[PDB]
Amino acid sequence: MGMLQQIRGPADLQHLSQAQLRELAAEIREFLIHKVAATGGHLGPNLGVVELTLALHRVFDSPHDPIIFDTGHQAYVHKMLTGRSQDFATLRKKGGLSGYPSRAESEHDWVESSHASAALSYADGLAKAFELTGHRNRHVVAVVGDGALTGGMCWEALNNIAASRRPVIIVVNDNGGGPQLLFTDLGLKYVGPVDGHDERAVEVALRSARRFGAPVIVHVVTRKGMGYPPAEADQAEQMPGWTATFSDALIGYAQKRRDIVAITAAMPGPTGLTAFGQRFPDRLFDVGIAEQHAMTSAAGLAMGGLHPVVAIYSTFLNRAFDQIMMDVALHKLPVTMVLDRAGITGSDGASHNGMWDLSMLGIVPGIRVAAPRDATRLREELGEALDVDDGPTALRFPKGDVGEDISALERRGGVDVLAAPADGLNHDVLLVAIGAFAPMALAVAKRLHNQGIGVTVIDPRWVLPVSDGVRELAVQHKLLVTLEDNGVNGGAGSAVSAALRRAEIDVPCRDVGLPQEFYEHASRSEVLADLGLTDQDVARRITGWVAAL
């Protein structure tokens, strides 16, 4: 890999022959295949942008010309051409190379958000900034996938960009899951379609756009996984589960009920809805990267008498907040939302962690939110959600393997008592374990037992609204501690406190969960250990509170 090890930055491409560029592209593909197989990450989407990224850095002068990747999962070649080729041994590892652009890593990186369809909106802003600061001849380049182009923010941005001569180059990276509408005749100059694996053709198209001195669309066609047949074959975004359990449960319920329909915002595979679609192909809708449309179209389906199940990863549901509020909840419609990747996900960094949903959903009048503690409770809570015919329901659960089943000692006022004070200890601490933190709560209760502190561990199952069961048990204990895989601001703990205070119960409450912060990438287990969300650190904390009385 003689060619690649000589690239210090973009200008090192500037005097290469097409033969050298072709050799470099082959070295980049070999590098990506071997590095990304070792670390995991977005191999297919990066293989598809080798020639496109070489062409961008042969035409544009980054960062004078900002290169803004929509989503940013496809910026590995960009990082390799901006001095970070030696950092791939640490890709997506704690203290290592981010899976997304990072302002901390490089002057060439602008946007760290993985939330799709935002690049063109940043581009409009930056182009306006350059005008307002009198920066000469800065060309903002937005690299937008066909998937990202199905998001509404792109239409808002293109309307704004089209109103001005400020130079924004809209590079559509089309490997399609893309738009059903034409973007050849919107009033913006259109160049293409260009073969995105013909580096010279991409350079000519971009150079032509750069010289246009006004907004222009450059439509490039690429192949996801180009050069690596397994990635080409599977068209995969990256290389006993919660998701599988959801998938199987949903198929079970849809077998007994023709009114169930499923909706994904472009992630039928990862949400477990491909298996559902194979059994009920008329009842699965993939709406593109369009969480807002997923939710309001769900409202329309419910107005026509159906019970939509909308499966959207926790973090991405932020996009649909106003649709949950004004389209679903305002109309008392039975839409069930299923939020996979709830709580810390870790390795995709700050913009992927599912740590907002309990706080956001708590704002929605009349909402019912469940957090499954295990496989059986996911099945049961899904059935209970499907039985709610008069308002929105939500289930949230983490990525990865479902923990073993924990059967309750008893159910009181909706709440599952998982553990009660044993062998002469008293009702000291009510530990309210939200969702997947049940096993950690049981380990905390055992450590506290050994300190002489008696713990009742409950799973409220339905976290919102706060149930009678929680109020009934609270008054029997000296301290209530909520333990949640969610931001503590407006989270389950603050809701439990608010519900007790509303009921004139002033038992001391503590909110143990994620501090209201953006977390850098690391494994889930490393993020939780660094925050002290471990049975050892939580038991130590609760001991201090009980000692203080």
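Quick note: we count residues from 1 along the sequence shown, nothing fancier.
Across the other compared structures of the same protein with both neighbouring residues present, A37 lacks coordinates in at least a third. Across the other compared structures of the same protein with both neighbouring residues present, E105 lacks coordinates in at least a third. Missing coordinates between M239 and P240 amount to 10 or more residues of the deposited sequence. Missing coordinates between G176 and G177 amount to 10 or more residues of the deposited sequence.
The deposited model assigns a higher average Cα B-factor to 229-237 than to the other stretch when 150-158 and 229-237 are compared. The PDB entry records a higher mean C-alpha B factor for 417-425 than for its counterpart among 417-425 and 166-174.
Among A275, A342, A266, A129, the highest C-alpha B-factor in the deposited entry belongs to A275.
Looking only at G490, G41, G48, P515, the residue with the top Cα B factor in the deposited structure is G41. Placement of the Cα temperature factor of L188 within the chain: highest third of the modelled residues, per the deposited record.
When the modelled residues of the chain are ordered by C-alpha B-factor, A254 sits in the highest third. Among the modelled residues of its chain, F88 has a C-alpha B-factor that falls in the highest third, as given in the PDB entry. Per the deposited record, the Cα B-factor of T133 falls in the middle third when ranked against the other modelled residues of its chain. In the PDB entry, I505 places in the highest third of its chain by CA B-factor.
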